[PDB]
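Visitor: A single structure is presented below for examination.
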Amino acid sequence: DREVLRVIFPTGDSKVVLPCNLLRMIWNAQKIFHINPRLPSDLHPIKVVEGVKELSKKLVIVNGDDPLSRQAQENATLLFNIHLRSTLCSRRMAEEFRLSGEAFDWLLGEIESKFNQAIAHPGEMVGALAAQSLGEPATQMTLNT
Amino acid sequence: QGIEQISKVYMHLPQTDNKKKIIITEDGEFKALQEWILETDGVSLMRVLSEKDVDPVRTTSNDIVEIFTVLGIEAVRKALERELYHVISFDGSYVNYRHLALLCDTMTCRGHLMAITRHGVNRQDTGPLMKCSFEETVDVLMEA
Amino acid sequence: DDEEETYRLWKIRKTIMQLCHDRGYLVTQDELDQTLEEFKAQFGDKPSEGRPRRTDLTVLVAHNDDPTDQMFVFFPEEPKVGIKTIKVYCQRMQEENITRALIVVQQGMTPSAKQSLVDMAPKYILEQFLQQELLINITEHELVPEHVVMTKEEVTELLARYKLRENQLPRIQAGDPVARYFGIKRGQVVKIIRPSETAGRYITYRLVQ
Amino acid sequence: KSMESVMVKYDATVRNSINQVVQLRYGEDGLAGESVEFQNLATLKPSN
Amino acid sequence: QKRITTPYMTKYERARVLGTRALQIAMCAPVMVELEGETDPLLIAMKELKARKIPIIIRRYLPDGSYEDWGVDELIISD
């Protein structure tokens, strides 16, 4: 994935727009459960790996079982899965974040619930919404530069 | 010498990271390099691309009918998107991406470049009661 | 001059050896990276009063999946091409039993010749190019994404998965530079694969009509 | 006046008025541009 | 079965279900919750939704001509 990112983003920037924030969701879980970042944690790493896998399975944009409907799903949520795997790796969450076992299931259950309500709604007049979203920034445009 | 239509050609090397040459070094780091670029006043790209020691990949023109005839239709899509982005983000503003994508997709959907104009809307597989709301009610409805 | 002329003939040749490799033909590996001085030593130093005559440059290739269907490419000698001159080629195809043929027109063709190629529809399909257009591979440009042509078994999987017809797809006319680079006929579906910043990768389809 | 009747149909495809598919998924991702925000990758920039 | 649509009551279906059910109450239809001193025909229709007890079925029309019917009880209320 590190090698794929270098060809998706050739210039080298890192500012992207994505669904539910992850660093803030880790910061919240670090305080709903009084995580003390001073003592050894009790989070088994193979639990992190398999939990992230299972979570990645339940994020369907294109629901289907046959090919050509099982590869478009992997094309849709390609960037978000890379971000999720790089942020919730086993080294980082045993070195920096130091979440407990109880505080990890909460985070997993919240990622999914705040993702499933970002999907578009079937019926919004997307066309007219995109026509005045570009026309009013045409008003800020300078007349003759 | 030269190509007939291009009249004046300037020369400078930029300082921004917009026109620099960004390479991935052996240590795997993004490094930017200053390189000479040339900008003309006048366009005939099919010949400028065919010349020697001129990069045929990154060379482009700011006119899109030329890219349509020379490069294709998907190149028109991407160039139009890029120019919209550049004119929007000129004064530091920002607009989401979905809107640019949807606009530059519905603008080049039927294969050819139909402008959003009077006689660009006049042509599609649309009903009779919509073309009667635009200034030629009676004749098109008599046809219908 | 000839140094400009020995350069172009090597460049145009290198382009075509990829164009036919994209269409799924079998081209030997070293033919793709044939450097200039190697070309200058094999076919001749100069075409001005030289051994490279714009003939001795023609190429005949066979398909990967089947050794019978073959493709030919011709390099006419006159600046603009007449009538029997292509029938000279039409005869050369008639004798060798090859239907896929290309002609690398030098500077132009005649309106009468334009009539003379659209007639043999069910047999002897020829593609007309220009010397200038083949000087650069547009497929390796920055703006141009990656196209792939789908078999007629895959196309019936889309229209049954998304429960579509074939009229409801986005369209592309068979006259733009990439529609001809791949040799596409009406009724085919091409697949575009481009990377985007919101998802990472997006696959769209086009109907060539 | 151009783009009046484009909308998202009940199978998540963005279709025209005559049902001519425009995008197989809205914005190529499928999400509304209302519940997203800026983040960082933190994997592409560092060295080997 | 073969239900391909989302199990979430979208933003627009919640605004039309609340409007119709409220108009039926104003014309003397029988309620389906134990209200307590409530009178506004649109305040009642909102606490019926919180209790999943509105007797209306939604027919979603796919763009290929088909349809499927979801009972308001079966949908996950967005808010």
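Numbering starts fresh at 1 for the residues of each chain in the structure tokens, the chains themselves are lettered A, B, ... in the order given, and ligands are numbered from 1 as they appear.
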Would you list which chain D residues are within 8 Å of chain E using only C-alpha atoms, as number ranges by chain?

Guide: D: 9-11, 19

Visitor: Filtering to N, CA and C atoms, could you give me those residues as a PDB file, in the first residue's frame?

Guide:
```pdb
ATOM      1  N   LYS D   9     -30.220   7.275  -7.890  1.00  0.00           N
ATOM      2  CA  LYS D   9     -31.312   6.320  -7.927  1.00  0.00           C
ATOM      3  C   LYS D   9     -31.124   5.273  -6.836  1.00  0.00           C
ATOM      4  N   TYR D  10     -32.152   4.475  -6.610  1.00  0.00           N
ATOM      5  CA  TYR D  10     -32.185   3.582  -5.458  1.00  0.00           C
ATOM      6  C   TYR D  10     -31.205   2.465  -5.528  1.00  0.00           C
ATOM      7  N   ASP D  11     -30.372   2.325  -6.553  1.00  0.00           N
ATOM      8  CA  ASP D  11     -29.294   1.345  -6.541  1.00  0.00           C
ATOM      9  C   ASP D  11     -27.924   2.003  -6.518  1.00  0.00           C
ATOM     10  N   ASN D  19     -32.447   7.942 -17.929  1.00  0.00           N
ATOM     11  CA  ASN D  19     -31.761   6.822 -17.291  1.00  0.00           C
ATOM     12  C   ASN D  19     -30.397   6.539 -17.896  1.00  0.00           C
TER      13      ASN D  19
END
```

Visitor: Which residues of chain D are close to chain C, meaning at most 10 Å apart when you count only C-alpha atoms, and how do they look as an MDAnalysis selection string?

Guide: chainID D and resid 11 13 15:16 18:25 27:31

Visitor: Could the residues of chain D within 7 Å of chain B, counting only C-alpha atoms, be given as an mmCIF file with C-alpha atoms, in the first residue's frame, please?

Guide:
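Written out: part.cif:
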```cif
data_model
loop_
_atom_site.group_PDB
_atom_site.id
_atom_site.type_symbol
_atom_site.label_atom_id
_atom_site.label_comp_id
_atom_site.auth_asym_id
_atom_site.auth_seq_id
_atom_site.Cartn_x
_atom_site.Cartn_y
_atom_site.Cartn_z
ATOM 1 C CA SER D 2 -28.267 22.402 -17.995
ATOM 2 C CA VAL D 22 -23.404 9.142 -15.600
ATOM 3 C CA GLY D 27 -18.371 11.002 -6.592
ATOM 4 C CA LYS D 45 6.116 10.913 3.092
ATOM 5 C CA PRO D 46 8.722 9.260 5.394
ATOM 6 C CA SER D 47 11.892 7.582 4.182
ATOM 7 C CA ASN D 48 12.590 3.876 3.776
#
```

Visitor: From chain C, collect each residue whose DSSP state is alpha helix (DSSP H) and return the set as a PDB file with N, CA, C and O atoms, in the first residue's frame.

Guide:
```pdb
ATOM      1  N   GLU C   3      19.603  12.704 -41.760  1.00  0.00           N
ATOM      2  CA  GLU C   3      19.675  12.450 -40.327  1.00  0.00           C
ATOM      3  C   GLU C   3      18.328  12.667 -39.660  1.00  0.00           C
ATOM      4  O   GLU C   3      17.929  11.876 -38.797  1.00  0.00           O
ATOM      5  N   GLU C   4      17.608  13.717 -40.051  1.00  0.00           N
ATOM      6  CA  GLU C   4      16.223  13.838 -39.626  1.00  0.00           C
ATOM      7  C   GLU C   4      15.385  12.683 -40.149  1.00  0.00           C
ATOM      8  O   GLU C   4      14.415  12.279 -39.502  1.00  0.00           O
ATOM      9  N   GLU C   5      15.746  12.131 -41.310  1.00  0.00           N
ATOM     10  CA  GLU C   5      14.901  11.121 -41.932  1.00  0.00           C
ATOM     11  C   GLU C   5      15.201   9.733 -41.388  1.00  0.00           C
ATOM     12  O   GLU C   5      14.303   8.892 -41.293  1.00  0.00           O
ATOM     13  N   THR C   6      16.456   9.466 -41.032  1.00  0.00           N
ATOM     14  CA  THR C   6      16.758   8.209 -40.363  1.00  0.00           C
ATOM     15  C   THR C   6      16.293   8.208 -38.918  1.00  0.00           C
ATOM     16  O   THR C   6      16.089   7.133 -38.344  1.00  0.00           O
ATOM     17  N   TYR C   7      16.120   9.389 -38.320  1.00  0.00           N
ATOM     18  CA  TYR C   7      15.589   9.461 -36.966  1.00  0.00           C
ATOM     19  C   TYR C   7      14.095   9.168 -36.946  1.00  0.00           C
ATOM     20  O   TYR C   7      13.627   8.351 -36.144  1.00  0.00           O
ATOM     21  N   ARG C   8      13.334   9.820 -37.830  1.00  0.00           N
ATOM     22  CA  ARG C   8      11.888   9.634 -37.847  1.00  0.00           C
ATOM     23  C   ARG C   8      11.517   8.184 -38.107  1.00  0.00           C
ATOM     24  O   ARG C   8      10.683   7.612 -37.398  1.00  0.00           O
ATOM     25  N   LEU C   9      12.130   7.569 -39.115  1.00  0.00           N
ATOM     26  CA  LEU C   9      11.762   6.205 -39.469  1.00  0.00           C
ATOM     27  C   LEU C   9      12.031   5.237 -38.326  1.00  0.00           C
ATOM     28  O   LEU C   9      11.330   4.228 -38.196  1.00  0.00           O
ATOM     29  N   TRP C  10      13.029   5.524 -37.491  1.00  0.00           N
ATOM     30  CA  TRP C  10      13.247   4.695 -36.314  1.00  0.00           C
ATOM     31  C   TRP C  10      12.194   4.970 -35.256  1.00  0.00           C
ATOM     32  O   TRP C  10      11.695   4.045 -34.606  1.00  0.00           O
ATOM     33  N   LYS C  11      11.852   6.242 -35.061  1.00  0.00           N
ATOM     34  CA  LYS C  11      10.851   6.600 -34.067  1.00  0.00           C
ATOM     35  C   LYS C  11       9.488   6.028 -34.424  1.00  0.00           C
ATOM     36  O   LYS C  11       8.859   5.353 -33.604  1.00  0.00           O
ATOM     37  N   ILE C  12       9.023   6.278 -35.651  1.00  0.00           N
ATOM     38  CA  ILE C  12       7.718   5.781 -36.077  1.00  0.00           C
ATOM     39  C   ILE C  12       7.669   4.262 -35.983  1.00  0.00           C
ATOM     40  O   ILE C  12       6.638   3.676 -35.636  1.00  0.00           O
ATOM     41  N   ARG C  13       8.787   3.602 -36.274  1.00  0.00           N
ATOM     42  CA  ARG C  13       8.819   2.149 -36.158  1.00  0.00           C
ATOM     43  C   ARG C  13       8.644   1.707 -34.714  1.00  0.00           C
ATOM     44  O   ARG C  13       7.870   0.787 -34.429  1.00  0.00           O
ATOM     45  N   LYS C  14       9.347   2.359 -33.788  1.00  0.00           N
ATOM     46  CA  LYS C  14       9.264   1.967 -32.385  1.00  0.00           C
ATOM     47  C   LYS C  14       7.854   2.148 -31.843  1.00  0.00           C
ATOM     48  O   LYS C  14       7.399   1.358 -31.006  1.00  0.00           O
ATOM     49  N   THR C  15       7.145   3.179 -32.305  1.00  0.00           N
ATOM     50  CA  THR C  15       5.767   3.383 -31.877  1.00  0.00           C
ATOM     51  C   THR C  15       4.875   2.228 -32.311  1.00  0.00           C
ATOM     52  O   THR C  15       4.117   1.683 -31.503  1.00  0.00           O
ATOM     53  N   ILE C  16       4.960   1.837 -33.583  1.00  0.00           N
ATOM     54  CA  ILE C  16       4.076   0.797 -34.093  1.00  0.00           C
ATOM     55  C   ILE C  16       4.347  -0.537 -33.419  1.00  0.00           C
ATOM     56  O   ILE C  16       3.422  -1.325 -33.203  1.00  0.00           O
ATOM     57  N   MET C  17       5.599  -0.813 -33.052  1.00  0.00           N
ATOM     58  CA  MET C  17       5.893  -2.089 -32.410  1.00  0.00           C
ATOM     59  C   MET C  17       5.246  -2.180 -31.035  1.00  0.00           C
ATOM     60  O   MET C  17       5.144  -3.270 -30.463  1.00  0.00           O
ATOM     61  N   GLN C  18       4.805  -1.046 -30.486  1.00  0.00           N
ATOM     62  CA  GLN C  18       4.011  -1.089 -29.267  1.00  0.00           C
ATOM     63  C   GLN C  18       2.524  -1.108 -29.577  1.00  0.00           C
ATOM     64  O   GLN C  18       1.761  -1.798 -28.895  1.00  0.00           O
ATOM     65  N   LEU C  19       2.100  -0.362 -30.599  1.00  0.00           N
ATOM     66  CA  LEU C  19       0.690  -0.327 -30.972  1.00  0.00           C
ATOM     67  C   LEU C  19       0.169  -1.724 -31.280  1.00  0.00           C
ATOM     68  O   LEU C  19      -0.943  -2.083 -30.881  1.00  0.00           O
ATOM     69  N   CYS C  20       0.953  -2.523 -32.001  1.00  0.00           N
ATOM     70  CA  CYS C  20       0.544  -3.893 -32.275  1.00  0.00           C
ATOM     71  C   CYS C  20       0.746  -4.797 -31.072  1.00  0.00           C
ATOM     72  O   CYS C  20       0.110  -5.850 -30.989  1.00  0.00           O
ATOM     73  N   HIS C  21       1.622  -4.419 -30.141  1.00  0.00           N
ATOM     74  CA  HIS C  21       1.751  -5.194 -28.915  1.00  0.00           C
ATOM     75  C   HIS C  21       0.575  -4.950 -27.983  1.00  0.00           C
ATOM     76  O   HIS C  21       0.168  -5.855 -27.248  1.00  0.00           O
ATOM     77  N   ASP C  22       0.019  -3.739 -28.000  1.00  0.00           N
ATOM     78  CA  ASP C  22      -1.184  -3.461 -27.227  1.00  0.00           C
ATOM     79  C   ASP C  22      -2.383  -4.237 -27.749  1.00  0.00           C
ATOM     80  O   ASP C  22      -3.159  -4.774 -26.954  1.00  0.00           O
ATOM     81  N   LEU C  36      18.592   3.591 -31.587  1.00  0.00           N
ATOM     82  CA  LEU C  36      18.767   4.229 -32.885  1.00  0.00           C
ATOM     83  C   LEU C  36      19.897   3.604 -33.691  1.00  0.00           C
ATOM     84  O   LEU C  36      19.674   3.161 -34.823  1.00  0.00           O
ATOM     85  N   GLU C  37      21.109   3.562 -33.134  1.00  0.00           N
ATOM     86  CA  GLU C  37      22.252   3.065 -33.896  1.00  0.00           C
ATOM     87  C   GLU C  37      22.080   1.609 -34.303  1.00  0.00           C
ATOM     88  O   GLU C  37      22.619   1.190 -35.333  1.00  0.00           O
ATOM     89  N   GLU C  38      21.337   0.822 -33.519  1.00  0.00           N
ATOM     90  CA  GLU C  38      21.022  -0.535 -33.940  1.00  0.00           C
ATOM     91  C   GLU C  38      20.125  -0.530 -35.170  1.00  0.00           C
ATOM     92  O   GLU C  38      20.324  -1.329 -36.090  1.00  0.00           O
ATOM     93  N   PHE C  39      19.135   0.363 -35.197  1.00  0.00           N
ATOM     94  CA  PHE C  39      18.297   0.501 -36.383  1.00  0.00           C
ATOM     95  C   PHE C  39      19.111   0.999 -37.566  1.00  0.00           C
ATOM     96  O   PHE C  39      18.911   0.561 -38.705  1.00  0.00           O
ATOM     97  N   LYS C  40      20.030   1.930 -37.312  1.00  0.00           N
ATOM     98  CA  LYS C  40      20.839   2.498 -38.385  1.00  0.00           C
ATOM     99  C   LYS C  40      21.740   1.452 -39.025  1.00  0.00           C
ATOM    100  O   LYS C  40      22.044   1.543 -40.220  1.00  0.00           O
ATOM    101  N   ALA C  41      22.173   0.456 -38.257  1.00  0.00           N
ATOM    102  CA  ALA C  41      23.035  -0.591 -38.784  1.00  0.00           C
ATOM    103  C   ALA C  41      22.263  -1.713 -39.459  1.00  0.00           C
ATOM    104  O   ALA C  41      22.792  -2.342 -40.383  1.00  0.00           O
ATOM    105  N   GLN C  42      21.030  -1.978 -39.031  1.00  0.00           N
ATOM    106  CA  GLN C  42      20.276  -3.102 -39.577  1.00  0.00           C
ATOM    107  C   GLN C  42      19.660  -2.757 -40.927  1.00  0.00           C
ATOM    108  O   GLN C  42      19.906  -3.436 -41.929  1.00  0.00           O
ATOM    109  N   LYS C  84      -5.339   2.735 -57.464  1.00  0.00           N
ATOM    110  CA  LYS C  84      -4.842   1.375 -57.630  1.00  0.00           C
ATOM    111  C   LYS C  84      -3.676   1.107 -56.689  1.00  0.00           C
ATOM    112  O   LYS C  84      -3.367  -0.051 -56.384  1.00  0.00           O
ATOM    113  N   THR C  85      -3.015   2.168 -56.225  1.00  0.00           N
ATOM    114  CA  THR C  85      -1.913   2.014 -55.281  1.00  0.00           C
ATOM    115  C   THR C  85      -2.332   1.244 -54.041  1.00  0.00           C
ATOM    116  O   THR C  85      -1.560   0.423 -53.540  1.00  0.00           O
ATOM    117  N   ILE C  86      -3.540   1.484 -53.532  1.00  0.00           N
ATOM    118  CA  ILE C  86      -4.016   0.642 -52.440  1.00  0.00           C
ATOM    119  C   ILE C  86      -4.482  -0.704 -52.976  1.00  0.00           C
ATOM    120  O   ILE C  86      -4.382  -1.722 -52.283  1.00  0.00           O
ATOM    121  N   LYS C  87      -4.998  -0.743 -54.211  1.00  0.00           N
ATOM    122  CA  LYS C  87      -5.348  -2.031 -54.798  1.00  0.00           C
ATOM    123  C   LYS C  87      -4.108  -2.870 -55.068  1.00  0.00           C
ATOM    124  O   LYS C  87      -4.188  -4.102 -55.068  1.00  0.00           O
ATOM    125  N   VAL C  88      -2.966  -2.224 -55.311  1.00  0.00           N
ATOM    126  CA  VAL C  88      -1.693  -2.934 -55.265  1.00  0.00           C
ATOM    127  C   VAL C  88      -1.550  -3.658 -53.934  1.00  0.00           C
ATOM    128  O   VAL C  88      -1.143  -4.823 -53.878  1.00  0.00           O
ATOM    129  N   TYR C  89      -1.896  -2.974 -52.840  1.00  0.00           N
ATOM    130  CA  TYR C  89      -1.869  -3.606 -51.528  1.00  0.00           C
ATOM    131  C   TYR C  89      -3.022  -4.590 -51.370  1.00  0.00           C
ATOM    132  O   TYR C  89      -2.825  -5.707 -50.879  1.00  0.00           O
ATOM    133  N   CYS C  90      -4.231  -4.187 -51.768  1.00  0.00           N
ATOM    134  CA  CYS C  90      -5.368  -5.102 -51.729  1.00  0.00           C
ATOM    135  C   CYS C  90      -5.063  -6.393 -52.470  1.00  0.00           C
ATOM    136  O   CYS C  90      -5.513  -7.467 -52.055  1.00  0.00           O
ATOM    137  N   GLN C  91      -4.300  -6.307 -53.560  1.00  0.00           N
ATOM    138  CA  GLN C  91      -3.840  -7.516 -54.229  1.00  0.00           C
ATOM    139  C   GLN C  91      -2.804  -8.245 -53.383  1.00  0.00           C
ATOM    140  O   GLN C  91      -2.804  -9.479 -53.320  1.00  0.00           O
ATOM    141  N   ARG C  92      -1.916  -7.498 -52.722  1.00  0.00           N
ATOM    142  CA  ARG C  92      -0.905  -8.130 -51.886  1.00  0.00           C
ATOM    143  C   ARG C  92      -1.538  -8.826 -50.689  1.00  0.00           C
ATOM    144  O   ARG C  92      -1.016  -9.835 -50.201  1.00  0.00           O
ATOM    145  N   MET C  93      -2.657  -8.298 -50.193  1.00  0.00           N
ATOM    146  CA  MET C  93      -3.401  -9.031 -49.174  1.00  0.00           C
ATOM    147  C   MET C  93      -4.154 -10.206 -49.782  1.00  0.00           C
ATOM    148  O   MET C  93      -4.259 -11.265 -49.155  1.00  0.00           O
ATOM    149  N   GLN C  94      -4.690 -10.028 -50.991  1.00  0.00           N
ATOM    150  CA  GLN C  94      -5.433 -11.097 -51.648  1.00  0.00           C
ATOM    151  C   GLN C  94      -4.553 -12.322 -51.865  1.00  0.00           C
ATOM    152  O   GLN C  94      -5.030 -13.463 -51.803  1.00  0.00           O
ATOM    153  N   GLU C  95      -3.260 -12.108 -52.112  1.00  0.00           N
ATOM    154  CA  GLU C  95      -2.365 -13.223 -52.379  1.00  0.00           C
ATOM    155  C   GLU C  95      -1.883 -13.915 -51.111  1.00  0.00           C
ATOM    156  O   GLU C  95      -1.713 -15.139 -51.121  1.00  0.00           O
ATOM    157  N   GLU C  96      -1.674 -13.173 -50.022  1.00  0.00           N
ATOM    158  CA  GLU C  96      -1.080 -13.735 -48.819  1.00  0.00           C
ATOM    159  C   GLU C  96      -2.109 -14.203 -47.799  1.00  0.00           C
ATOM    160  O   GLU C  96      -1.724 -14.796 -46.784  1.00  0.00           O
ATOM    161  N   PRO C 111      -9.652  12.102 -51.875  1.00  0.00           N
ATOM    162  CA  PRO C 111     -11.056  11.786 -51.578  1.00  0.00           C
ATOM    163  C   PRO C 111     -11.546  10.563 -52.322  1.00  0.00           C
ATOM    164  O   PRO C 111     -12.382   9.821 -51.793  1.00  0.00           O
ATOM    165  N   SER C 112     -11.047  10.334 -53.534  1.00  0.00           N
ATOM    166  CA  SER C 112     -11.362   9.099 -54.238  1.00  0.00           C
ATOM    167  C   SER C 112     -10.860   7.882 -53.476  1.00  0.00           C
ATOM    168  O   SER C 112     -11.566   6.871 -53.393  1.00  0.00           O
ATOM    169  N   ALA C 113      -9.654   7.960 -52.907  1.00  0.00           N
ATOM    170  CA  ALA C 113      -9.163   6.856 -52.085  1.00  0.00           C
ATOM    171  C   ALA C 113      -9.995   6.690 -50.821  1.00  0.00           C
ATOM    172  O   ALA C 113     -10.162   5.567 -50.334  1.00  0.00           O
ATOM    173  N   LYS C 114     -10.516   7.791 -50.271  1.00  0.00           N
ATOM    174  CA  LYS C 114     -11.420   7.688 -49.130  1.00  0.00           C
ATOM    175  C   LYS C 114     -12.634   6.836 -49.476  1.00  0.00           C
ATOM    176  O   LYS C 114     -13.126   6.074 -48.638  1.00  0.00           O
ATOM    177  N   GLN C 115     -13.124   6.949 -50.713  1.00  0.00           N
ATOM    178  CA  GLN C 115     -14.211   6.087 -51.162  1.00  0.00           C
ATOM    179  C   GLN C 115     -13.756   4.639 -51.306  1.00  0.00           C
ATOM    180  O   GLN C 115     -14.530   3.714 -51.030  1.00  0.00           O
ATOM    181  N   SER C 116     -12.511   4.428 -51.727  1.00  0.00           N
ATOM    182  CA  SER C 116     -12.027   3.110 -52.118  1.00  0.00           C
ATOM    183  C   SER C 116     -11.729   2.189 -50.946  1.00  0.00           C
ATOM    184  O   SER C 116     -11.419   1.015 -51.173  1.00  0.00           O
ATOM    185  N   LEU C 117     -11.798   2.674 -49.707  1.00  0.00           N
ATOM    186  CA  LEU C 117     -11.528   1.824 -48.556  1.00  0.00           C
ATOM    187  C   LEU C 117     -12.778   1.499 -47.755  1.00  0.00           C
ATOM    188  O   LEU C 117     -12.826   0.447 -47.114  1.00  0.00           O
ATOM    189  N   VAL C 155     -18.839  -8.261 -21.275  1.00  0.00           N
ATOM    190  CA  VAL C 155     -19.814  -7.191 -21.430  1.00  0.00           C
ATOM    191  C   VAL C 155     -21.200  -7.654 -21.016  1.00  0.00           C
ATOM    192  O   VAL C 155     -21.997  -6.862 -20.506  1.00  0.00           O
ATOM    193  N   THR C 156     -21.511  -8.936 -21.197  1.00  0.00           N
ATOM    194  CA  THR C 156     -22.834  -9.407 -20.807  1.00  0.00           C
ATOM    195  C   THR C 156     -22.914  -9.632 -19.306  1.00  0.00           C
ATOM    196  O   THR C 156     -23.997  -9.888 -18.769  1.00  0.00           O
ATOM    197  N   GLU C 157     -21.782  -9.548 -18.610  1.00  0.00           N
ATOM    198  CA  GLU C 157     -21.794  -9.624 -17.156  1.00  0.00           C
ATOM    199  C   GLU C 157     -22.096  -8.286 -16.502  1.00  0.00           C
ATOM    200  O   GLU C 157     -22.759  -8.262 -15.462  1.00  0.00           O
ATOM    201  N   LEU C 158     -21.615  -7.182 -17.071  1.00  0.00           N
ATOM    202  CA  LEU C 158     -22.020  -5.868 -16.590  1.00  0.00           C
ATOM    203  C   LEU C 158     -23.528  -5.715 -16.649  1.00  0.00           C
ATOM    204  O   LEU C 158     -24.200  -5.622 -15.617  1.00  0.00           O
ATOM    205  N   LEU C 159     -24.080  -5.725 -17.858  1.00  0.00           N
ATOM    206  CA  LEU C 159     -25.487  -5.450 -18.094  1.00  0.00           C
ATOM    207  C   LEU C 159     -26.414  -6.387 -17.336  1.00  0.00           C
ATOM    208  O   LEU C 159     -27.615  -6.116 -17.263  1.00  0.00           O
ATOM    209  N   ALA C 160     -25.891  -7.472 -16.770  1.00  0.00           N
ATOM    210  CA  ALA C 160     -26.669  -8.351 -15.914  1.00  0.00           C
ATOM    211  C   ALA C 160     -26.383  -8.157 -14.437  1.00  0.00           C
ATOM    212  O   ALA C 160     -27.164  -8.612 -13.606  1.00  0.00           O
ATOM    213  N   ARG C 161     -25.275  -7.499 -14.096  1.00  0.00           N
ATOM    214  CA  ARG C 161     -24.979  -7.195 -12.702  1.00  0.00           C
ATOM    215  C   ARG C 161     -25.612  -5.875 -12.286  1.00  0.00           C
ATOM    216  O   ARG C 161     -26.288  -5.792 -11.258  1.00  0.00           O
ATOM    217  N   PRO C 177      -8.504   9.818 -30.863  1.00  0.00           N
ATOM    218  CA  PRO C 177      -7.198   9.155 -31.009  1.00  0.00           C
ATOM    219  C   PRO C 177      -7.065   7.817 -30.312  1.00  0.00           C
ATOM    220  O   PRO C 177      -6.317   6.967 -30.812  1.00  0.00           O
ATOM    221  N   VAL C 178      -7.751   7.579 -29.199  1.00  0.00           N
ATOM    222  CA  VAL C 178      -7.536   6.318 -28.502  1.00  0.00           C
ATOM    223  C   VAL C 178      -8.507   5.256 -28.999  1.00  0.00           C
ATOM    224  O   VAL C 178      -8.249   4.056 -28.866  1.00  0.00           O
ATOM    225  N   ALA C 179      -9.627   5.667 -29.585  1.00  0.00           N
ATOM    226  CA  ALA C 179     -10.515   4.708 -30.223  1.00  0.00           C
ATOM    227  C   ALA C 179      -9.883   4.052 -31.438  1.00  0.00           C
ATOM    228  O   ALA C 179     -10.187   2.891 -31.725  1.00  0.00           O
ATOM    229  N   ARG C 180      -9.014   4.762 -32.151  1.00  0.00           N
ATOM    230  CA  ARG C 180      -8.311   4.198 -33.292  1.00  0.00           C
ATOM    231  C   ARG C 180      -7.026   3.487 -32.901  1.00  0.00           C
ATOM    232  O   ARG C 180      -6.679   2.483 -33.527  1.00  0.00           O
ATOM    233  N   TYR C 181      -6.320   3.992 -31.891  1.00  0.00           N
ATOM    234  CA  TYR C 181      -5.101   3.338 -31.429  1.00  0.00           C
ATOM    235  C   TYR C 181      -5.357   1.881 -31.077  1.00  0.00           C
ATOM    236  O   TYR C 181      -4.493   1.026 -31.289  1.00  0.00           O
TER     237      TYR C 181
END
```

Visitor: Please compute the CA of residue 79 (chain C)-CA of residue 108 (chain C) distance, one decimal, in Å.

Guide: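 Between CA of residue 79 (chain C) and CA of residue 108 (chain C) the gap is 6.5 Å.
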
Visitor: Write out as a Markdown table a residue-level contact list of chain A versus chain D with cut-off 9 Å: for each qualifying residue the closest pair of atoms and the distance in Å to one decimal, counting only C-alpha atoms, rows sorted by chain and residue number upward.

Guide:
```
| residue | atom | partner | partner_atom | distance |
| --- | --- | --- | --- | --- |
| A:1 | CA | D:43 | CA | 8.8 |
| A:2 | CA | D:44 | CA | 5.9 |
| A:3 | CA | D:44 | CA | 8.0 |
| A:5 | CA | D:44 | CA | 6.4 |
| A:6 | CA | D:44 | CA | 6.3 |
| A:9 | CA | D:44 | CA | 8.7 |
| A:12 | CA | D:45 | CA | 6.7 |
| A:13 | CA | D:45 | CA | 7.7 |
| A:14 | CA | D:40 | CA | 5.2 |
| A:15 | CA | D:40 | CA | 5.3 |
| A:16 | CA | D:38 | CA | 5.6 |
| A:17 | CA | D:38 | CA | 4.5 |
| A:18 | CA | D:36 | CA | 5.2 |
| A:19 | CA | D:36 | CA | 4.7 |
| A:20 | CA | D:36 | CA | 6.7 |
| A:21 | CA | D:39 | CA | 7.3 |
| A:22 | CA | D:39 | CA | 8.6 |
| A:23 | CA | D:39 | CA | 8.9 |
| A:61 | CA | D:30 | CA | 6.8 |
| A:62 | CA | D:12 | CA | 8.7 |
| A:75 | CA | D:29 | CA | 8.9 |
| A:76 | CA | D:29 | CA | 5.5 |
| A:77 | CA | D:29 | CA | 7.3 |
| A:82 | CA | D:41 | CA | 8.5 |
| A:83 | CA | D:41 | CA | 6.0 |
| A:86 | CA | D:43 | CA | 7.0 |
| A:87 | CA | D:42 | CA | 8.3 |
| A:117 | CA | D:35 | CA | 8.5 |
| A:118 | CA | D:31 | CA | 5.5 |
| A:119 | CA | D:31 | CA | 4.3 |
| A:120 | CA | D:32 | CA | 4.7 |
| A:121 | CA | D:8 | CA | 7.5 |
| A:122 | CA | D:10 | CA | 5.1 |
| A:123 | CA | D:8 | CA | 5.2 |
| A:124 | CA | D:7 | CA | 6.0 |
| A:125 | CA | D:7 | CA | 4.6 |
| A:126 | CA | D:7 | CA | 5.0 |
| A:127 | CA | D:6 | CA | 4.5 |
| A:128 | CA | D:4 | CA | 5.4 |
| A:130 | CA | D:3 | CA | 8.7 |
| A:131 | CA | D:3 | CA | 7.2 |
```

Visitor: Could you list, as a list in words, every residue within 12 Å of residue 52 (chain A), counting only C-alpha atoms and ignoring same-chain residues fewer than 5 positions away?

Guide: residues 45, 46, 47, 57, 58, 59, 81, 82, 83, 84, 85, 86, 87, 88, 89, 90, 104, 105, 107, 108, 109, 111 and 112 of chain A
